[PDB]
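Taking it in order: structure first as structure tokens, then the write-up.
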Amino acid sequence: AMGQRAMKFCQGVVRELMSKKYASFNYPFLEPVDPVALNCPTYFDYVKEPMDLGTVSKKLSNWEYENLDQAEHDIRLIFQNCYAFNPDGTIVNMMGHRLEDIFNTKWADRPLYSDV
Ligand SMILES: CC(=O)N1CCc2[nH]c3ccc(C(=O)Nc4ccc(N5CCOCC5)cc4)cc3c2C1
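The numbering of the sequence shown is this note's numbering, which starts it at -6 and goes up by one.
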């Protein structure tokens, strides 16, 4: 449903967030959380809609988002899950906050207008 300009903007933002530039604090957020492999077996007692950057990218690439608000919701869900599960002071929590700061900076430039 999304037009080309907004779609391209979102794909760019997500790929930048997954880019090597941010490797130092984005790596817990590229793929879906695996509770057992990470020794966090209670993960899905705290989180009910898992989300990750790779997932948002895949949904974008399949034209699954009608609009920037839906894409923004999934992306913010990444960080909301992060903070719901990782207590204050944990390394993953702090990486999540850092990644959200970068996301907000990039997103403030979002296309305000669409037109076909
Ligand atoms: C999001 C969240 O809420 N979690 C809950 C608590 C928690 N604890 C962790 C400890 C370690 C890791 C981890 O090692 N992730 C990791 C991912 C990818 C790679 N690579 C493979 C390919 O890409 C290049 C490198 C290396 C590592 C992740 C976590 C999480 C996730």
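Even for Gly, the Cβ is constructed at its ideal location relative to N, Cα and C.
Query                                                                                                                                                                   : Result
Sorted by chain position, which residues of the same chain lie with C-beta nearer than 6 Å to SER50's C-beta, five sequence neighbours on each side aside?              : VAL7
Hey, would you say the C-beta of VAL6 is under 7 Å away from at least one heavy atom of ligand 1?                                                                       : no
Is it right to say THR48 is buried, meaning 16 or more other beta carbons lie within 10 angstroms of its own, or is it exposed?                                         : buried
Mapping the DSSP letters down to three states, classify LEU31 as helix, strand or coil.                                                                                 : coil
Name the residue from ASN32, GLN63, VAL40 whose alpha carbon lies nearest to the alpha carbon of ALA(-6).                                                               : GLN63
Below 8 Å on the Cβ atoms is my guess for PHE22 versus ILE71; work out the distance and round it to an integer in Å.                                                    : 6 Å
How far does the alpha helix (DSSP H) with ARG103 in it reach, from first residue to last?                                                                              : No alpha helix (DSSP H) contains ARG103, which DSSP labels as neither H nor E.
What are the boundary residues of the alpha helix (DSSP H) that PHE72 is part of?                                                                                       : 61 to 78
Going by the CB atoms, is the gap between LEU92 and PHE2 shorter than 8 Å?                                                                                              : no
For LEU53, count neighbouring C-beta atoms within 10 Å of its own C-beta (all shown protein chains included) and say buried if the count is 16 or more, exposed if not. : buried
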